[PDB]
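Source file: start.csv. Holds: CSV, C-alpha atoms.
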```csv
chain,number,residue,atom,x,y,z
A,1402,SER,CA,6.3,-14.3,-12.4
A,1403,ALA,CA,5.3,-10.6,-12.4
A,1404,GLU,CA,1.5,-10.3,-12.8
A,1405,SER,CA,0.7,-13.8,-11.4
A,1406,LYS,CA,2.9,-12.8,-8.4
A,1407,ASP,CA,0.5,-9.7,-8.2
A,1408,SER,CA,-2.4,-12.3,-8.2
A,1409,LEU,CA,-0.5,-14.0,-5.3
A,1410,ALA,CA,-0.4,-10.5,-3.7
A,1411,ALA,CA,-4.2,-10.4,-4.1
A,1412,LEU,CA,-4.2,-13.9,-2.4
A,1413,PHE,CA,-2.0,-12.4,0.3
A,1414,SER,CA,-4.2,-9.3,0.7
A,1415,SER,CA,-6.9,-11.0,2.8
A,1416,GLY,CA,-5.4,-12.9,5.8
A,1417,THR,CA,-6.8,-13.5,9.3
A,1418,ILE,CA,-4.7,-14.4,12.3
A,1419,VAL,CA,-6.7,-17.4,13.7
A,1420,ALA,CA,-4.5,-18.5,16.6
A,1421,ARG,CA,-1.4,-17.8,18.6
A,1422,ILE,CA,-0.6,-21.0,20.6
A,1423,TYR,CA,2.2,-23.1,22.1
A,1424,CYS,CA,3.7,-25.8,19.9
A,1425,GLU,CA,4.0,-29.5,20.9
A,1426,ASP,CA,7.3,-29.5,18.9
A,1427,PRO,CA,9.8,-32.4,19.6
A,1428,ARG,CA,12.8,-30.0,19.5
A,1429,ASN,CA,11.5,-28.0,22.5
A,1430,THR,CA,13.5,-27.8,25.8
A,1431,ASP,CA,13.3,-26.1,29.2
A,1432,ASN,CA,15.1,-22.9,28.0
A,1433,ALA,CA,13.9,-22.6,24.4
A,1434,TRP,CA,10.4,-23.4,23.1
A,1435,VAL,CA,8.4,-22.7,19.9
A,1436,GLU,CA,5.2,-20.6,20.0
A,1437,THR,CA,3.3,-20.2,16.7
A,1438,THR,CA,1.2,-17.5,15.1
A,1439,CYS,CA,-1.1,-19.0,12.5
A,1440,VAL,CA,-2.1,-16.9,9.4
A,1441,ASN,CA,-4.9,-18.2,7.2
A,1442,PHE,CA,-5.2,-17.2,3.6
A,1443,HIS,CA,-8.6,-18.4,2.3
A,1444,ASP,CA,-9.5,-18.4,-1.5
A,1445,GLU,CA,-13.3,-18.2,-1.7
A,1446,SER,CA,-13.4,-18.2,-5.5
B,1206,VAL,CA,6.0,-10.6,-2.6
B,1207,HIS,CA,6.8,-7.1,-3.9
B,1208,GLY,CA,9.4,-5.9,-1.3
B,1209,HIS,CA,7.8,-2.5,-0.4
B,1210,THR,CA,4.4,-1.2,0.6
B,1211,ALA,CA,1.7,0.4,-1.5
B,1212,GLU,CA,2.9,3.9,-0.7
B,1213,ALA,CA,0.2,5.7,-2.8
B,1214,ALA,CA,-3.0,7.3,-1.6
B,1215,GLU,CA,-4.0,7.8,-5.3
B,1216,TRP,CA,-3.5,11.6,-5.3
B,1217,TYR,CA,-5.1,13.4,-8.3
B,1218,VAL,CA,-3.3,15.7,-10.6
B,1219,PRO,CA,-5.4,17.2,-13.5
B,1220,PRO,CA,-4.1,17.1,-17.2
B,1221,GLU,CA,-1.9,20.0,-18.4
B,1222,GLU,CA,-4.1,21.3,-21.2
B,1223,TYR,CA,-7.4,22.8,-19.8
B,1224,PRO,CA,-10.5,21.6,-21.8
B,1225,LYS,CA,-12.1,24.1,-24.3
B,1226,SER,CA,-9.6,26.9,-23.4
B,1227,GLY,CA,-7.8,27.1,-26.8
B,1228,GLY,CA,-4.6,25.5,-25.6
B,1229,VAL,CA,-4.0,27.4,-22.3
B,1230,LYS,CA,-1.9,25.2,-20.0
B,1231,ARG,CA,-1.5,25.1,-16.2
B,1232,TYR,CA,1.6,25.1,-14.1
B,1233,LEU,CA,2.6,21.3,-13.7
B,1234,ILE,CA,3.0,19.8,-10.2
B,1235,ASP,CA,3.9,16.3,-9.1
B,1236,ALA,CA,1.4,14.0,-7.2
B,1237,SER,CA,3.6,14.0,-4.1
B,1238,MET,CA,3.4,17.8,-3.7
B,1239,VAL,CA,-0.5,18.4,-3.8
B,1240,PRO,CA,-1.6,18.3,0.0
B,1241,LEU,CA,-1.8,21.6,2.0
B,1242,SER,CA,0.0,20.1,5.0
B,1243,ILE,CA,3.1,19.8,2.8
B,1244,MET,CA,5.0,23.2,2.3
B,1245,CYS,CA,5.9,23.2,-1.5
B,1246,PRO,CA,7.6,26.6,-1.8
B,1247,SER,CA,7.8,26.6,-5.6
B,1248,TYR,CA,4.0,26.8,-6.1
B,1249,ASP,CA,3.2,29.4,-8.8
B,1250,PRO,CA,-0.3,28.7,-10.3
B,1251,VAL,CA,-1.7,30.6,-13.3
B,1252,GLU,CA,-4.9,32.7,-13.0
B,1253,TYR,CA,-7.2,32.0,-16.0
B,1254,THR,CA,-10.9,32.7,-16.4
```

Is it possible to give me this structure as structure tokens?
Amino acid sequence: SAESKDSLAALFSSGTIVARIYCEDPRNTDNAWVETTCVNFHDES
Amino acid sequence: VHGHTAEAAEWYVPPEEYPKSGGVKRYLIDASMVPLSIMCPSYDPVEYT
């Protein structure tokens, strides 16, 4: 959407990695498990 | 979103016509050739006072 996408880039310019934890995901097995990194994009205005 | 980085330090290149000099023009150089760490063998500036 061009400039609105640039606005989204402004939205994407301030992110904080809040956690890196192990998922309680039902597809998990003994030889393959999901671990997540969480990125928070907060819009103050 | 874009598909590249910023890739620009905002390097300054002054305008071609020197102010109040009666139309005397410099030797034009691109913004990716200004730093002294970079070689740039074709640098031939003009001496004007």

Nearest to residue 1207 of chain B, restricted to only C-alpha atoms and choosing among A:1413, A:1407, A:1402, A:1438, comes out as A:1407

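Distance check against residue 1445 of chain A using all atoms listed in the file: of A:1420, A:1403, A:1415, A:1428, the minimum falls on A:1415.
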
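Residues from chain B found within 12 Å of chain A are residues 1206, 1207, 1208, 1209, 1210 and 1211 of chain B, counting all atoms listed in the file.
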
Pick out the residues sitting within 12 Å of residue 1422 of chain A, and hand them over as number ranges by chain; count only C-alpha atoms, and ignore anything fewer than 6 positions along from it in its own chain.
-> A: 1434-1439

Fewer than 5 positions away in the same chain doesn't count, so skip those; otherwise give me all residues within 9 Å of residue 1218 of chain B, counting all atoms listed in the file, as a PDB file with C-alpha atoms, keeping the file's coordinate frame.
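Saved as around.pdb:
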```
ATOM      1  CA  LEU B1233       2.600  21.300 -13.700  1.00  0.00           C
ATOM      2  CA  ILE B1234       3.000  19.800 -10.200  1.00  0.00           C
ATOM      3  CA  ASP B1235       3.900  16.300  -9.100  1.00  0.00           C
ATOM      4  CA  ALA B1236       1.400  14.000  -7.200  1.00  0.00           C
ATOM      5  CA  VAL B1239      -0.500  18.400  -3.800  1.00  0.00           C
TER       6      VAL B1239
END
```

Quick one: distance from atom CA of residue 1217 of chain B to atom CA of residue 1250 of chain B in Å, one decimal?
->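 Atom CA of residue 1250 of chain B lies at a distance of 16.2 Å from atom CA of residue 1217 of chain B.
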
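Atom to atom, atom CA of residue 1221 of chain B and atom CA of residue 1242 of chain B stand 23.5 Å apart.
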
Give me, please, the distance in Å between atom CA of residue 1443 of chain A and atom CA of residue 1414 of chain A, quoted to one decimal.
->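 The value is 10.2 Å.
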
Considering all atoms listed in the file, return as a list in words whatever protein or nucleic-acid residues lie within 10 Å of residue 1230 of chain B, sequence-local ones (same chain, fewer than 4 positions apart) excluded.
->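 So the residues in contact are residues 1220, 1221, 1222, 1223, 1224, 1226, 1251 and 1253 of chain B.
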